[PDB]
Amino acid sequence: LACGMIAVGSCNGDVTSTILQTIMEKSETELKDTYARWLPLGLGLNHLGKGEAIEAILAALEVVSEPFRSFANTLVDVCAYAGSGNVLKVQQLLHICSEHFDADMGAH
Amino acid sequence: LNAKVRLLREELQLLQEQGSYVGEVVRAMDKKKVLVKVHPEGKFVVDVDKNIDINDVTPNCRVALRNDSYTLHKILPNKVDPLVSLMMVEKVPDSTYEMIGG
Amino acid sequence: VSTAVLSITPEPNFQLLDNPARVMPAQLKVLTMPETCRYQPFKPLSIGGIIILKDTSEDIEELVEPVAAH
Amino acid sequence: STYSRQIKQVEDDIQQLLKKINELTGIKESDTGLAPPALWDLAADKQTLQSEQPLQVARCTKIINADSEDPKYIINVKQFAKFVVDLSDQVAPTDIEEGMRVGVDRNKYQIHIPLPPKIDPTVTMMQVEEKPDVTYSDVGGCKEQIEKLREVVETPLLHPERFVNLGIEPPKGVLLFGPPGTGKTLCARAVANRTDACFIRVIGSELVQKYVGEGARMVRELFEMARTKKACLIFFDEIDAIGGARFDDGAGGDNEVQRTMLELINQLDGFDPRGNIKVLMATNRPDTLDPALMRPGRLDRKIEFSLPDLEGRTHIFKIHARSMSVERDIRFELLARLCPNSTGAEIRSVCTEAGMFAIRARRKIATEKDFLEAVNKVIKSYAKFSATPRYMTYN
Amino acid sequence: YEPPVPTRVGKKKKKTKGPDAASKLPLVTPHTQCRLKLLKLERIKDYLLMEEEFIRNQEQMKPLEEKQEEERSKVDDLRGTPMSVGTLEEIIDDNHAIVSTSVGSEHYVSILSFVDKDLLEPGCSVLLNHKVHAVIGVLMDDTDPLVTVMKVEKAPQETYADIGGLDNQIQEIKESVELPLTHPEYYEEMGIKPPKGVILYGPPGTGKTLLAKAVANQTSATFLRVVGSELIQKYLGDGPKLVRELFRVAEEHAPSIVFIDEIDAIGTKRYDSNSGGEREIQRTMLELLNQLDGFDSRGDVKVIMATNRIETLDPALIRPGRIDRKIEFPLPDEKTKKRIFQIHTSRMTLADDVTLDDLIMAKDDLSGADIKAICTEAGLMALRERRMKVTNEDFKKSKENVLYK
Ligand SMILES: Nc1ncnc2c1ncn2[C@@H]1O[C@H](COP(=O)(O)OP(=O)(O)OP(=O)(O)O)[C@@H](O)[C@H]1O
Ligand SMILES: Nc1ncnc2c1ncn2[C@@H]1O[C@H](COP(=O)(O)OP(=O)(O)OP(=O)(O)O)[C@@H](O)[C@H]1O
Ligand SMILES: [Mg+2]
Ligand SMILES: [Mg+2]
């Protein structure tokens, strides 16, 4: 969170490496903790409003486990297009809200 | 003769069916709803029988409502026009030009 | 439906009946066996019921295998 | 015009989409008072229709053998009947007192819930729910008047600690009197805007009722509902409607209205303590009020809204010409001097007419000449209809 | 036990009435047919296209019980039939209220979820289930017969062109009842609220009602007309109650223009049917004082009052803030009298021997009503003789009928 505030919207290379490093180093059970939700925000904060500079970052989020990957993929993608109004991105967002799950899998 | 006999036996059962209320239509509503005033029991919002056209349910019309569902099922003959009733109590003598002199 | 596209983006005239044949009371008047068959009914086949069939030939008798009751 | 063909194409699609959205969501009826389906909890409503039985409103009259373990309650079920019933097992015996409305079921009529006292719907509508858009900054020349008004009707509720420590009982009543247009209702509107307690606006003509004793009833229920609040403010605008002095003209002249005034006097200062109610009355005819109503303990403070002085008139001119498109050197002190004895209402009209002359001349800025003509039209030309000369004798 | 506490602030209904509901699409600017408007128009369409797809997907996998037509059908089952009409006495809680049926029996019933809760106010007509009496709807109150009396459904056919000589009077009355609505920017750029009230006073027949009729013809606002004598009621408090209800209809039909014609007739005429004497009239006036300028915030209501006796009014009634403008209607002069004769003889066919100059000096204190009365009686005289052309003899016998005898 803090490093995200210092490097908000800057796409700082150094913080991206370590935030990604921490995210995949944590365990499957460790990512279950809701405090783990903050690590994606730090990565998301760095790319606040940058736009399409995340496909490299989003590719890195592929390797991490579920359902944390789905949450991390959604969050950082959102902060990428903050204040952009890109309806195509909002189109994806509503599709994620479309499919309901009978909580743990629907945290994203 | 047989139908006359049959109608008589069924009449005894039919007479035991509860009678219909008499109400006055305030205003017709959407979805075949009507605002009526049952004589002693105030106002109701009622459904309309499938054999009664909602366009014929005019305001200030006398209607018959079912016992339990209060459903508008018959358009009773219209009551006395309030203007007519007002002119009965005033009772101004009717006149023509032939009965006026000078 | 997929995602919405945003701004940018010949009854036969006959039917053969095996033996035994479930024949209606009305089928009897219209049901008649083929001419070329080796069996010919003794009484008219429109009467119905159990009918004994004359054998024109003396070939191997192809019978109907009995079925056990349920 | 090049996009005219395409704009209508997308406008019609939006309308078609909007209608199609209403087909699935549902925006209709609204004449049987149906809420939009987003708030529809059908599953809960089905449960309420069975789990929660309906309760008939009844008033407890007497408790029989309250000391014993079999306390029996006599209830008056409005126009239905009277029943001797026992209390339900899901409410406490000490929660039901004689003379209090209760909710009873339809089967055994056992009391299921106590209910608030019955209040006339007209009396319920008297409490202010949306505060006015007027602050004390919109009242000019009433500096001493406001401080006296605030320290009785605002300060005790805002900072009650400063009065309990010194053993001080602040006044619970203020009478605002003055000629029409002097700011009596304007100050009360500022009070309601600033107040945090319940504010009830009562016009004296609202207390005049067709039937005998009905006007006094509304005064009783008004103070009954004011007492259901920790701190309350009742505003009696134009109290001269019901506050007139008692008299005997042989016939029963104003006998009914005098009873309403007698009820109001009783609630203000009678055998029972009034409560935390701080009343506030405004009238342009204070000479007509009864001596009992004009007595301390009912109207402790008598704040006079006299016509503004030169400093006050210049202040009211500044208030009303604040948002105007005035010129450079509008001599507002001179304009205040051209209307010696003029209410703040005339000053506002002078400001309105001054800009009204500018609109007449298709001019965007109001000059000093426009104000000079406005003073002539309002203060001078309209002096035939001036209510001031007749009403200073009354105040 | 503890009393239930509402979550809604207050006991009154929402002030907004008759809105666009959920059809309140964002206001797209500019109205000019340009790409920016096209881009904004597509922008609204894009979200709707998302909205259509999203809502359809949910309802597709929604249970058969939970469907838009099924839930509506379930609402009718919950409401039942018949639907009793009651009165809201008190809102005890958000989902609980005290209601009274037509027989006067009160019940402590539950407000169901589908009820429009922001239409709930004490004294309102509520719809209750027949069996359990639970609140199941709110009856949209029909237009009161009292509303129909005030409202002028069809604008009068009298225009400003049919008024002659009242050029200043039209100009002053337009600026307080017409200009603020047609061009409200003039008042906003100046920072002045429009002149609050207006009173039209003068001798009888001078055109006070006529100018109000011309105002009603060219107004986009609701026009309510009440004669001052109609405020004298047969029961105590009804007069004040009626003045209170008249401006309540004005509030609902905002913007509105209330025309209190013959306001002086409320006090200059004494009727034995008025139980309270001058004292009830005073209370009726005090209600009128509050409505014009009082504690309650006034919406877009412009008040026009007319009187031929302005000296008999309470001076506090027409004080500034209540009635800002006092427009006088003098008896016409020679130039105006000629115009009035031309106005009322325009559709006439006249004889070559008739002259309006001689008809000008029929009487020194000649009003427009007398001028019009001369014409209609002159035409009636021509009608008696089975003629379409009005002669000077017809006008001569016209003057001796209306002005004299
Ligand atoms: N002291 C003041 N400062 C500023 N504006 C004022 C002042 N006094 C009056 N006004 C203006 O004049 C108007 C007169 O209305 P107001 O409610 O104040 O009159 P009032 O004193 O209650 O009269 P009435 O006795 O006829 O009820 C106010 O709405 C306000 O715009
Ligand atoms: N200045 C005028 N120009 C044209 N017609 C006029 C004029 N003054 C009066 N009239 C005519 O006189 C008729 C009657 O007058 P009107 O009803 O307007 O009277 P008023 O001024 O309201 O007076 P009051 O109610 O005191 O009798 C109008 O219908 C109109 O045709
Ligand atoms: Mg006032
Ligand atoms: Mg008139």
# chains A, B, ... in the order shown; residues from 1 in each chain; ligands from 1
call {"tool": "select_by_dssp", "arguments": {"residues": "segment 51-226 of chain D", "states": "helix (DSSP H, G or I)", "output": "PyMOL selection string"}}
result
chain D and resi 51+93-95+121-124+136-138+143-153+155-158+161-164+184-194+204-207+214-226
call {"tool": "residues_near_ligand", "arguments": {"ligand": "ligand 2", "cutoff": "8 Å", "atoms": "only C-alpha atoms and all ligand atoms", "output": "PyMOL selection string"}}
result
chain E and resi 162-166+201-211+261-262+306-308+329+332+336-337+339-340+343-344+367-373
call {"tool": "write_last_selection", "arguments": {"atoms": "N, CA, C and O atoms", "output": "tab-separated table (two decimals), in the first residue's frame"}}
result
chain	number	residue	atom	x	y	z
E	162	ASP	N	-56.34	42.27	-27.35
E	162	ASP	CA	-57.71	42.66	-27.08
E	162	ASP	C	-57.82	43.70	-25.97
E	162	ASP	O	-58.93	44.17	-25.69
E	163	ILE	N	-56.71	44.07	-25.35
E	163	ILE	CA	-56.67	45.10	-24.33
E	163	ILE	C	-56.09	46.36	-24.96
E	163	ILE	O	-55.03	46.31	-25.59
E	164	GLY	N	-56.79	47.48	-24.79
E	164	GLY	CA	-56.35	48.76	-25.32
E	164	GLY	C	-56.11	49.76	-24.20
E	164	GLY	O	-56.91	49.88	-23.27
E	165	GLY	N	-54.98	50.45	-24.29
E	165	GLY	CA	-54.66	51.55	-23.41
E	165	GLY	C	-53.93	51.17	-22.14
E	165	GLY	O	-53.35	52.05	-21.49
E	166	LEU	N	-53.94	49.90	-21.76
E	166	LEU	CA	-53.23	49.45	-20.57
E	166	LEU	C	-51.82	48.96	-20.91
E	166	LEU	O	-51.43	47.85	-20.55
E	201	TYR	N	-55.83	47.18	-9.21
E	201	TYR	CA	-56.87	47.96	-8.56
E	201	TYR	C	-57.26	49.15	-9.42
E	201	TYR	O	-56.45	49.69	-10.18
E	202	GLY	N	-58.53	49.53	-9.31
E	202	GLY	CA	-59.08	50.63	-10.06
E	202	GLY	C	-60.59	50.62	-10.05
E	202	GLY	O	-61.22	49.77	-9.40
E	203	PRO	N	-61.21	51.55	-10.76
E	203	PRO	CA	-62.67	51.59	-10.83
E	203	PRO	C	-63.22	50.34	-11.51
E	203	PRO	O	-62.50	49.67	-12.26
E	204	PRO	N	-64.48	50.00	-11.26
E	204	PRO	CA	-65.07	48.82	-11.92
E	204	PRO	C	-65.09	48.97	-13.43
E	204	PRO	O	-65.31	50.05	-13.97
E	205	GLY	N	-64.85	47.85	-14.11
E	205	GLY	CA	-64.87	47.83	-15.56
E	205	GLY	C	-63.60	48.30	-16.23
E	205	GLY	O	-63.59	48.44	-17.46
E	206	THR	N	-62.54	48.55	-15.48
E	206	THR	CA	-61.33	49.13	-16.04
E	206	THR	C	-60.40	48.10	-16.68
E	206	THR	O	-59.41	48.49	-17.30
E	207	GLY	N	-60.68	46.81	-16.53
E	207	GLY	CA	-59.89	45.80	-17.20
E	207	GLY	C	-59.02	44.97	-16.29
E	207	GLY	O	-58.04	44.38	-16.74
E	208	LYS	N	-59.36	44.92	-15.00
E	208	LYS	CA	-58.55	44.16	-14.05
E	208	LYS	C	-58.62	42.67	-14.34
E	208	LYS	O	-57.59	41.99	-14.45
E	209	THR	N	-59.84	42.13	-14.48
E	209	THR	CA	-59.99	40.72	-14.80
E	209	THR	C	-59.54	40.43	-16.22
E	209	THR	O	-58.98	39.36	-16.50
E	210	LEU	N	-59.74	41.38	-17.14
E	210	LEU	CA	-59.36	41.18	-18.53
E	210	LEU	C	-57.86	40.95	-18.67
E	210	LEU	O	-57.43	40.07	-19.43
E	211	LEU	N	-57.05	41.73	-17.95
E	211	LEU	CA	-55.61	41.52	-18.01
E	211	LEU	C	-55.22	40.18	-17.40
E	211	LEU	O	-54.29	39.52	-17.88
E	261	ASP	N	-59.39	37.15	-7.44
E	261	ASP	CA	-60.21	38.23	-7.96
E	261	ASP	C	-61.19	38.71	-6.90
E	261	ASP	O	-61.67	37.93	-6.08
E	262	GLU	N	-61.49	40.01	-6.94
E	262	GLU	CA	-62.41	40.64	-5.99
E	262	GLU	C	-62.03	40.30	-4.55
E	262	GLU	O	-62.85	39.84	-3.75
E	306	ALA	N	-57.09	41.18	-7.48
E	306	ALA	CA	-57.82	42.25	-8.13
E	306	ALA	C	-58.88	42.79	-7.19
E	306	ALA	O	-59.53	42.02	-6.47
E	307	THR	N	-59.05	44.11	-7.19
E	307	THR	CA	-60.03	44.74	-6.33
E	307	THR	C	-60.37	46.12	-6.89
E	307	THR	O	-59.50	46.81	-7.42
E	308	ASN	N	-61.64	46.50	-6.77
E	308	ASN	CA	-62.05	47.86	-7.05
E	308	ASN	C	-62.10	48.71	-5.79
E	308	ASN	O	-62.34	49.92	-5.88
E	329	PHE	N	-55.50	50.80	-12.47
E	329	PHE	CA	-56.26	50.72	-13.72
E	329	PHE	C	-57.21	51.90	-13.77
E	329	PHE	O	-58.36	51.81	-13.32
E	332	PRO	N	-60.55	54.87	-18.82
E	332	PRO	CA	-59.87	55.21	-20.08
E	332	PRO	C	-60.03	56.67	-20.45
E	332	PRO	O	-61.03	57.32	-20.12
E	336	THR	N	-57.65	55.92	-25.37
E	336	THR	CA	-57.93	54.53	-25.01
E	336	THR	C	-59.37	54.16	-25.32
E	336	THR	O	-59.64	53.06	-25.82
E	337	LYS	N	-60.31	55.06	-25.04
E	337	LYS	CA	-61.72	54.77	-25.29
E	337	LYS	C	-61.97	54.46	-26.76
E	337	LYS	O	-62.78	53.59	-27.09
E	339	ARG	N	-59.75	53.12	-28.81
E	339	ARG	CA	-59.20	51.79	-29.05
E	339	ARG	C	-60.12	50.70	-28.54
E	339	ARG	O	-60.28	49.66	-29.19
E	340	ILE	N	-60.75	50.92	-27.38
E	340	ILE	CA	-61.66	49.92	-26.83
E	340	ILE	C	-62.87	49.75	-27.74
E	340	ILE	O	-63.35	48.63	-27.96
E	343	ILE	N	-61.78	47.72	-30.64
E	343	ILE	CA	-61.57	46.32	-30.27
E	343	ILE	C	-62.90	45.57	-30.28
E	343	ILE	O	-63.00	44.45	-30.79
E	344	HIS	N	-63.95	46.18	-29.73
E	344	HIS	CA	-65.24	45.52	-29.60
E	344	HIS	C	-66.14	45.69	-30.81
E	344	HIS	O	-67.18	45.03	-30.89
E	367	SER	N	-66.17	53.46	-18.80
E	367	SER	CA	-65.26	52.34	-18.60
E	367	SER	C	-65.34	51.41	-19.81
E	367	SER	O	-66.23	51.52	-20.65
E	368	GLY	N	-64.39	50.48	-19.88
E	368	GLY	CA	-64.39	49.52	-20.97
E	368	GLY	C	-65.60	48.60	-20.94
E	368	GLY	O	-66.12	48.21	-21.98
E	369	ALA	N	-66.06	48.25	-19.74
E	369	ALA	CA	-67.26	47.42	-19.62
E	369	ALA	C	-68.47	48.15	-20.19
E	369	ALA	O	-69.30	47.54	-20.87
E	370	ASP	N	-68.59	49.45	-19.91
E	370	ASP	CA	-69.67	50.23	-20.50
E	370	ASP	C	-69.52	50.32	-22.01
E	370	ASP	O	-70.51	50.28	-22.74
E	371	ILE	N	-68.28	50.45	-22.50
E	371	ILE	CA	-68.05	50.48	-23.94
E	371	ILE	C	-68.47	49.16	-24.57
E	371	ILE	O	-69.16	49.14	-25.59
E	372	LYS	N	-68.06	48.05	-23.97
E	372	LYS	CA	-68.44	46.74	-24.50
E	372	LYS	C	-69.94	46.52	-24.37
E	372	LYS	O	-70.58	45.98	-25.29
E	373	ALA	N	-70.52	46.92	-23.24
E	373	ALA	CA	-71.96	46.75	-23.04
E	373	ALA	C	-72.76	47.54	-24.06
E	373	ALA	O	-73.84	47.10	-24.48
call {"tool": "interface_residues", "arguments": {"of": "chain B", "to": "chain E", "cutoff": "9 Å", "atoms": "only C-alpha atoms", "output": "NGL selection string"}}
result
:B and (27 or 40-47 or 68-71)
call {"tool": "select_by_dssp", "arguments": {"residues": "chain B", "states": "strand (DSSP E or B)", "output": "PyMOL selection string"}}
result
chain B and resi 21-29+33-38+42-48+62-65+72-75
call {"tool": "residues_around", "arguments": {"residues": "residue 51 of chain C", "least_positions_apart": "2", "cutoff": "7 Å", "atoms": "only C-alpha atoms", "output": "VMD selection string"}}
result
chain C and resid 41 to 43 49 53
call {"tool": "residues_near_ligand", "arguments": {"ligand": "ligand 3", "cutoff": "9 Å", "atoms": "only C-alpha atoms and all ligand atoms", "output": "PyMOL selection string"}}
result
(chain D and resi 180-186+188+237-238+282-284) or (chain E and resi 289-290+293-295)
call {"tool": "write_last_selection", "arguments": {"atoms": "C-alpha atoms", "output": "PDB file, in the first residue's frame"}}
result
ATOM      1  CA  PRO D 180     -45.539  43.932   9.110  1.00  0.00           C
ATOM      2  CA  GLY D 181     -42.362  43.401   7.121  1.00  0.00           C
ATOM      3  CA  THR D 182     -40.068  43.961  10.105  1.00  0.00           C
ATOM      4  CA  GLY D 183     -38.552  40.471  10.130  1.00  0.00           C
ATOM      5  CA  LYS D 184     -40.619  38.581  12.696  1.00  0.00           C
ATOM      6  CA  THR D 185     -41.101  35.441  10.599  1.00  0.00           C
ATOM      7  CA  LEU D 186     -37.704  35.948   8.955  1.00  0.00           C
ATOM      8  CA  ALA D 188     -38.067  32.463  13.155  1.00  0.00           C
ATOM      9  CA  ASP D 237     -46.923  32.707  13.855  1.00  0.00           C
ATOM     10  CA  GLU D 238     -49.714  35.299  13.924  1.00  0.00           C
ATOM     11  CA  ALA D 282     -44.826  36.344  16.352  1.00  0.00           C
ATOM     12  CA  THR D 283     -47.609  38.897  15.976  1.00  0.00           C
ATOM     13  CA  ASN D 284     -48.014  42.325  14.406  1.00  0.00           C
TER      14      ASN D 284
ATOM     15  CA  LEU E 289     -51.088  36.543   5.154  1.00  0.00           C
ATOM     16  CA  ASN E 290     -49.116  33.380   5.929  1.00  0.00           C
ATOM     17  CA  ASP E 293     -45.331  35.543   2.834  1.00  0.00           C
ATOM     18  CA  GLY E 294     -44.979  33.259   5.841  1.00  0.00           C
ATOM     19  CA  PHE E 295     -42.962  30.509   7.491  1.00  0.00           C
TER      20      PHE E 295
END
call {"tool": "interface_residues", "arguments": {"of": "chain E", "to": "chain D", "cutoff": "7 Å", "atoms": "only C-alpha atoms", "output": "PyMOL selection string"}}
result
chain E and resi 1+10+33-35+38+41-42+45+48+52+68+89+104-109+112-116+122-123+132+137-140+186+190-195+235-238+240+283+286-287+294-295+297+315-316+319-321+324
